[PDB]
>>> print(open('model-v9.cif').read())   # mmCIF, N, CA and C atoms
data_coords
#
loop_
_atom_site.label_atom_id
_atom_site.label_comp_id
_atom_site.auth_asym_id
_atom_site.auth_seq_id
_atom_site.Cartn_x
_atom_site.Cartn_y
_atom_site.Cartn_z
N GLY F 150 -4.29 14.64 -26.45
CA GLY F 150 -5.01 15.90 -26.12
C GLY F 150 -4.28 17.14 -26.62
N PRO F 151 -4.81 18.34 -26.34
CA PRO F 151 -4.20 19.59 -26.77
C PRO F 151 -2.90 19.89 -26.03
N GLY F 152 -1.80 19.29 -26.50
CA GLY F 152 -0.51 19.50 -25.86
C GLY F 152 0.32 18.24 -25.82
N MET F 153 1.34 18.18 -26.67
CA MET F 153 2.22 17.01 -26.72
C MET F 153 3.08 16.93 -25.46
N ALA F 154 3.84 15.84 -25.34
CA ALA F 154 4.70 15.64 -24.19
C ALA F 154 3.89 15.59 -22.90
N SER F 155 3.37 14.41 -22.58
CA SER F 155 2.58 14.23 -21.37
C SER F 155 2.86 12.87 -20.73
N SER F 156 2.62 12.77 -19.43
CA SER F 156 2.85 11.53 -18.70
C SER F 156 1.58 11.09 -17.96
N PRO F 157 1.25 9.79 -18.01
CA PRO F 157 0.06 9.26 -17.34
C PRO F 157 0.14 9.39 -15.82
N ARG F 158 -1.01 9.25 -15.16
CA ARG F 158 -1.07 9.35 -13.71
C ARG F 158 -0.52 8.09 -13.05
N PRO F 159 0.00 8.21 -11.82
CA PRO F 159 0.56 7.08 -11.08
C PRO F 159 -0.47 5.98 -10.83
N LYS F 160 0.01 4.75 -10.68
CA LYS F 160 -0.87 3.61 -10.44
C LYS F 160 -0.36 2.74 -9.30
N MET F 161 0.94 2.80 -9.06
CA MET F 161 1.58 2.03 -8.01
C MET F 161 0.86 2.21 -6.67
N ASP F 162 0.30 3.40 -6.46
CA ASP F 162 -0.41 3.70 -5.23
C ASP F 162 -1.54 2.70 -4.99
N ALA F 163 -2.32 2.44 -6.03
CA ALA F 163 -3.44 1.50 -5.93
C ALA F 163 -2.95 0.06 -5.96
N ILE F 164 -1.84 -0.18 -6.64
CA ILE F 164 -1.28 -1.52 -6.72
C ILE F 164 -0.98 -2.04 -5.32
N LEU F 165 -0.44 -1.16 -4.49
CA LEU F 165 -0.13 -1.50 -3.11
C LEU F 165 -1.36 -1.36 -2.23
N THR F 166 -2.30 -0.50 -2.63
CA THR F 166 -3.52 -0.32 -1.87
C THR F 166 -4.30 -1.63 -1.87
N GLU F 167 -4.21 -2.32 -3.00
CA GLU F 167 -4.85 -3.60 -3.17
C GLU F 167 -4.19 -4.64 -2.28
N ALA F 168 -2.87 -4.51 -2.11
CA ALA F 168 -2.12 -5.43 -1.28
C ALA F 168 -2.55 -5.31 0.17
N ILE F 169 -2.53 -4.10 0.70
CA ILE F 169 -2.93 -3.88 2.08
C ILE F 169 -4.40 -4.24 2.28
N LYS F 170 -5.27 -3.76 1.40
CA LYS F 170 -6.69 -4.05 1.52
C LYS F 170 -7.01 -5.52 1.20
N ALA F 171 -6.59 -5.98 0.03
CA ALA F 171 -6.86 -7.36 -0.39
C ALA F 171 -5.93 -8.40 0.22
N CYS F 172 -4.63 -8.10 0.27
CA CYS F 172 -3.65 -9.05 0.79
C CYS F 172 -3.64 -9.13 2.31
N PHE F 173 -3.49 -8.00 2.99
CA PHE F 173 -3.45 -7.96 4.45
C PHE F 173 -4.41 -8.97 5.08
N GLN F 174 -5.52 -9.20 4.40
CA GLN F 174 -6.53 -10.14 4.88
C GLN F 174 -6.26 -11.55 4.38
N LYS F 175 -6.06 -11.66 3.08
CA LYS F 175 -5.81 -12.96 2.46
C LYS F 175 -4.43 -13.51 2.79
N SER F 176 -3.39 -12.69 2.64
CA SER F 176 -2.02 -13.13 2.90
C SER F 176 -1.32 -12.31 3.99
N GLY F 177 -1.81 -11.11 4.26
CA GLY F 177 -1.18 -10.27 5.26
C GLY F 177 -0.26 -9.25 4.62
N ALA F 178 -0.24 -8.03 5.16
CA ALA F 178 0.60 -6.98 4.60
C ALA F 178 1.59 -6.43 5.62
N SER F 179 2.87 -6.64 5.34
CA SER F 179 3.94 -6.17 6.20
C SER F 179 5.04 -5.51 5.36
N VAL F 180 6.05 -4.95 6.01
CA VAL F 180 7.15 -4.30 5.30
C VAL F 180 7.76 -5.26 4.28
N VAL F 181 7.94 -6.51 4.68
CA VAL F 181 8.51 -7.53 3.81
C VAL F 181 7.57 -7.86 2.65
N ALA F 182 6.28 -7.96 2.94
CA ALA F 182 5.29 -8.27 1.92
C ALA F 182 5.38 -7.29 0.76
N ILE F 183 5.43 -6.01 1.08
CA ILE F 183 5.53 -4.97 0.07
C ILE F 183 6.88 -5.04 -0.64
N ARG F 184 7.94 -5.24 0.14
CA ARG F 184 9.29 -5.32 -0.41
C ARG F 184 9.43 -6.52 -1.33
N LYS F 185 9.09 -7.69 -0.83
CA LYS F 185 9.18 -8.91 -1.62
C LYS F 185 8.32 -8.78 -2.87
N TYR F 186 7.26 -8.00 -2.77
CA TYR F 186 6.36 -7.79 -3.89
C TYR F 186 7.05 -7.01 -4.99
N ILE F 187 7.70 -5.90 -4.64
CA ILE F 187 8.41 -5.12 -5.64
C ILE F 187 9.53 -5.97 -6.23
N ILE F 188 10.21 -6.71 -5.37
CA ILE F 188 11.30 -7.57 -5.80
C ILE F 188 10.83 -8.67 -6.73
N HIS F 189 9.84 -9.43 -6.27
CA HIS F 189 9.30 -10.54 -7.05
C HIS F 189 8.34 -10.08 -8.14
N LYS F 190 7.42 -9.19 -7.79
CA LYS F 190 6.42 -8.72 -8.74
C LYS F 190 6.95 -7.71 -9.76
N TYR F 191 7.86 -6.82 -9.37
CA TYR F 191 8.36 -5.80 -10.31
C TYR F 191 9.88 -5.69 -10.34
N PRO F 192 10.42 -5.04 -11.39
CA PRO F 192 11.86 -4.83 -11.56
C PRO F 192 12.33 -3.56 -10.83
N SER F 193 11.42 -2.59 -10.74
CA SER F 193 11.67 -1.32 -10.06
C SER F 193 12.24 -1.52 -8.65
N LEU F 194 12.10 -2.74 -8.13
CA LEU F 194 12.55 -3.07 -6.79
C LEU F 194 13.96 -2.55 -6.52
N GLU F 195 14.75 -2.36 -7.56
CA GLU F 195 16.10 -1.86 -7.38
C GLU F 195 16.08 -0.58 -6.55
N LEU F 196 15.37 0.41 -7.07
CA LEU F 196 15.21 1.69 -6.39
C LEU F 196 14.24 1.58 -5.22
N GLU F 197 13.09 0.96 -5.48
CA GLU F 197 12.03 0.79 -4.49
C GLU F 197 12.48 -0.01 -3.26
N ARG F 198 13.45 -0.90 -3.44
CA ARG F 198 13.91 -1.73 -2.33
C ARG F 198 14.37 -0.90 -1.16
N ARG F 199 14.66 0.36 -1.38
CA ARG F 199 15.05 1.22 -0.28
C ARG F 199 13.83 1.60 0.53
N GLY F 200 12.78 0.77 0.42
CA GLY F 200 11.54 1.02 1.13
C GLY F 200 11.15 2.48 1.04
N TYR F 201 11.48 3.08 -0.08
CA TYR F 201 11.20 4.49 -0.28
C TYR F 201 9.74 4.73 -0.64
N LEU F 202 9.31 4.13 -1.74
CA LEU F 202 7.95 4.29 -2.20
C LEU F 202 6.98 3.35 -1.49
N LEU F 203 7.36 2.08 -1.42
CA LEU F 203 6.50 1.06 -0.80
C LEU F 203 6.49 1.09 0.72
N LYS F 204 7.66 1.11 1.36
CA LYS F 204 7.71 1.12 2.81
C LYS F 204 7.08 2.39 3.34
N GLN F 205 7.35 3.50 2.68
CA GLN F 205 6.77 4.76 3.09
C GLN F 205 5.26 4.68 3.07
N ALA F 206 4.72 4.09 2.01
CA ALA F 206 3.29 3.93 1.89
C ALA F 206 2.75 2.89 2.87
N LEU F 207 3.38 1.72 2.87
CA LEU F 207 2.96 0.65 3.77
C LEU F 207 3.20 1.07 5.21
N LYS F 208 4.42 1.50 5.50
CA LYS F 208 4.79 1.93 6.84
C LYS F 208 4.05 3.21 7.25
N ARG F 209 3.74 4.09 6.29
CA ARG F 209 3.02 5.32 6.65
C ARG F 209 1.71 4.97 7.33
N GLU F 210 1.10 3.88 6.89
CA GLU F 210 -0.14 3.42 7.48
C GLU F 210 0.14 2.86 8.87
N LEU F 211 1.15 2.00 8.94
CA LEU F 211 1.55 1.39 10.21
C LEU F 211 2.00 2.47 11.19
N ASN F 212 2.78 3.43 10.69
CA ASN F 212 3.27 4.52 11.51
C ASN F 212 2.12 5.43 11.94
N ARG F 213 1.03 5.41 11.18
CA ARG F 213 -0.14 6.23 11.48
C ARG F 213 -1.03 5.55 12.51
N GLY F 214 -1.30 4.27 12.31
CA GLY F 214 -2.14 3.53 13.23
C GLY F 214 -2.05 2.04 13.04
N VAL F 215 -0.86 1.56 12.72
CA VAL F 215 -0.63 0.13 12.52
C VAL F 215 -1.40 -0.38 11.30
N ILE F 216 -1.52 0.47 10.28
CA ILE F 216 -2.22 0.12 9.05
C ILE F 216 -3.55 -0.57 9.34
N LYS F 217 -4.20 -0.15 10.41
CA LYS F 217 -5.48 -0.72 10.80
C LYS F 217 -6.60 0.29 10.62
N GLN F 218 -6.48 1.12 9.59
CA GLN F 218 -7.49 2.14 9.30
C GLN F 218 -7.55 2.45 7.81
N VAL F 219 -8.59 1.96 7.15
CA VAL F 219 -8.78 2.20 5.72
C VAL F 219 -9.53 3.50 5.49
N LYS F 220 -10.62 3.69 6.23
CA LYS F 220 -11.43 4.90 6.11
C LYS F 220 -11.50 5.64 7.44
N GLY F 221 -12.28 6.72 7.47
CA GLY F 221 -12.41 7.51 8.68
C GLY F 221 -13.23 6.81 9.74
N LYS F 222 -13.73 7.58 10.70
CA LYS F 222 -14.54 7.03 11.78
C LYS F 222 -15.80 7.86 11.99
N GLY F 223 -16.53 8.09 10.91
CA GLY F 223 -17.76 8.87 10.98
C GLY F 223 -18.25 9.29 9.62
N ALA F 224 -17.94 10.53 9.23
CA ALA F 224 -18.36 11.05 7.94
C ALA F 224 -18.01 10.09 6.81
N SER F 225 -16.96 9.30 7.04
CA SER F 225 -16.51 8.32 6.06
C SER F 225 -17.37 7.06 6.15
N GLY F 226 -16.84 5.95 5.64
CA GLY F 226 -17.57 4.70 5.67
C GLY F 226 -17.56 4.05 7.04
N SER F 227 -17.90 4.84 8.07
CA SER F 227 -17.93 4.34 9.44
C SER F 227 -16.56 3.83 9.86
N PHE F 228 -16.49 3.29 11.07
CA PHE F 228 -15.23 2.76 11.60
C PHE F 228 -14.74 1.58 10.77
N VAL F 229 -13.68 1.81 10.00
CA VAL F 229 -13.12 0.77 9.15
C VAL F 229 -11.69 0.43 9.58
N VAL F 230 -11.37 -0.86 9.58
CA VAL F 230 -10.03 -1.31 9.96
C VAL F 230 -9.57 -2.46 9.08
N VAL F 231 -9.16 -2.14 7.85
CA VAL F 231 -8.70 -3.14 6.90
C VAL F 231 -9.73 -4.25 6.75
N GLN F 232 -9.40 -5.25 5.94
CA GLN F 232 -10.30 -6.38 5.71
C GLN F 232 -10.28 -7.33 6.90
N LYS F 233 -9.11 -7.48 7.49
CA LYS F 233 -8.93 -8.36 8.64
C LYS F 233 -9.82 -7.94 9.79
N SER F 234 -10.06 -6.65 9.89
CA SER F 234 -10.89 -6.10 10.96
C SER F 234 -11.85 -5.05 10.43
N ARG F 235 -12.27 -5.23 9.19
CA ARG F 235 -13.21 -4.31 8.56
C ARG F 235 -14.50 -4.21 9.35
N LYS F 236 -14.52 -3.32 10.34
CA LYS F 236 -15.70 -3.13 11.17
C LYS F 236 -16.86 -2.56 10.36
N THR F 237 -18.02 -2.42 11.00
CA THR F 237 -19.20 -1.88 10.34
C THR F 237 -19.44 -0.43 10.76
#
>>> encode(input="model-v9.cif", output="structure tokens")
Amino acid sequence: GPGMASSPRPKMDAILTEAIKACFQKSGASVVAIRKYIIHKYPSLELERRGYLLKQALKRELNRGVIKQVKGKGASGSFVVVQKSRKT
């Protein structure tokens, strides 16, 4: 585009979003799940292992409401609670 020196948008956010949404139900999503994922799935685990990016994201949900809330409770897609408890 019009302007050299540029960096793409982050993706790790969705990579883990898939884990909580897709995994939490199929395999379950916990602090270890995200950690072991960075460790086993990626090399970045060195820095990430400090549960900085992943734990903050995974735990931010848990710390917010036990990661049992994907969407809002009204204006959003109705009362939603992950795949394990994806209400209607």
>>> resolve_selection(input="model-v9.cif", expression="the PyMOL selection byres ((chain F and resi 194-205) around 8)", output="list in words")
residues 165, 179, 180, 181, 183, 184, 185, 186, 187, 188, 189, 190, 191, 192, 193, 206, 207, 208, 209, 210 and 211 of chain F
>>> select_by_dssp(input="model-v9.cif", residues="segment 152-183 of chain F", states="helix (DSSP H, G or I)", output="list in words")
residues 161, 162, 163, 164, 165, 166, 167, 168, 169, 170, 171, 172, 173, 174, 175, 180, 181, 182 and 183 of chain F
>>> write_last_selection(input="model-v9.cif", atoms="N, CA and C atoms", output="short mmCIF file (atom, residue, chain, number, x, y, z; two decimals), keeping the file's coordinate frame")
data_model
loop_
_atom_site.label_atom_id
_atom_site.label_comp_id
_atom_site.auth_asym_id
_atom_site.auth_seq_id
_atom_site.Cartn_x
_atom_site.Cartn_y
_atom_site.Cartn_z
N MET F 161 0.94 2.80 -9.06
CA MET F 161 1.58 2.03 -8.01
C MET F 161 0.86 2.21 -6.67
N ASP F 162 0.30 3.40 -6.46
CA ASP F 162 -0.41 3.70 -5.23
C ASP F 162 -1.54 2.70 -4.99
N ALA F 163 -2.32 2.44 -6.03
CA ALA F 163 -3.44 1.50 -5.93
C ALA F 163 -2.95 0.06 -5.96
N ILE F 164 -1.84 -0.18 -6.64
CA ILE F 164 -1.28 -1.52 -6.72
C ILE F 164 -0.98 -2.04 -5.32
N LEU F 165 -0.44 -1.16 -4.49
CA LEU F 165 -0.13 -1.50 -3.11
C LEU F 165 -1.36 -1.36 -2.23
N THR F 166 -2.30 -0.50 -2.63
CA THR F 166 -3.52 -0.32 -1.87
C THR F 166 -4.30 -1.63 -1.87
N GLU F 167 -4.21 -2.32 -3.00
CA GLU F 167 -4.85 -3.60 -3.17
C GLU F 167 -4.19 -4.64 -2.28
N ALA F 168 -2.87 -4.51 -2.11
CA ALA F 168 -2.12 -5.43 -1.28
C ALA F 168 -2.55 -5.31 0.17
N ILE F 169 -2.53 -4.10 0.70
CA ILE F 169 -2.93 -3.88 2.08
C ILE F 169 -4.40 -4.24 2.28
N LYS F 170 -5.27 -3.76 1.40
CA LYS F 170 -6.69 -4.05 1.52
C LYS F 170 -7.01 -5.52 1.20
N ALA F 171 -6.59 -5.98 0.03
CA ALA F 171 -6.86 -7.36 -0.39
C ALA F 171 -5.93 -8.40 0.22
N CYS F 172 -4.63 -8.10 0.27
CA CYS F 172 -3.65 -9.05 0.79
C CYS F 172 -3.64 -9.13 2.31
N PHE F 173 -3.49 -8.00 2.99
CA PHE F 173 -3.45 -7.96 4.45
C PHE F 173 -4.41 -8.97 5.08
N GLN F 174 -5.52 -9.20 4.40
CA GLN F 174 -6.53 -10.14 4.88
C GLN F 174 -6.26 -11.55 4.38
N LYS F 175 -6.06 -11.66 3.08
CA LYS F 175 -5.81 -12.96 2.46
C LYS F 175 -4.43 -13.51 2.79
N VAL F 180 6.05 -4.95 6.01
CA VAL F 180 7.15 -4.30 5.30
C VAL F 180 7.76 -5.26 4.28
N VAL F 181 7.94 -6.51 4.68
CA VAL F 181 8.51 -7.53 3.81
C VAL F 181 7.57 -7.86 2.65
N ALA F 182 6.28 -7.96 2.94
CA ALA F 182 5.29 -8.27 1.92
C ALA F 182 5.38 -7.29 0.76
N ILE F 183 5.43 -6.01 1.08
CA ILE F 183 5.53 -4.97 0.07
C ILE F 183 6.88 -5.04 -0.64
#
>>> atom_distance(input="model-v9.cif", atom1="atom CA of residue 232 of chain F", atom2="atom CA of residue 163 of chain F")
15.6 Å
>>> closest_residue(input="model-v9.cif", among="F:154, F:218, F:167, F:161", to="residue 231 of chain F", atoms="only N, CA and C atoms")
F:218
>>> closest_residue(input="model-v9.cif", among="F:177, F:157, F:212, F:217", to="residue 229 of chain F", atoms="only N, CA and C atoms")
F:217
>>> closest_residue(input="model-v9.cif", among="F:230, F:182, F:172, F:153", to="residue 214 of chain F", atoms="only C-alpha atoms")
F:230
>>> atom_distance(input="model-v9.cif", atom1="atom CA of residue 234 of chain F", atom2="atom CA of residue 174 of chain F")
8.5 Å
>>> atom_distance(input="model-v9.cif", atom1="atom CA of residue 213 of chain F", atom2="atom CA of residue 228 of chain F")
15.5 Å
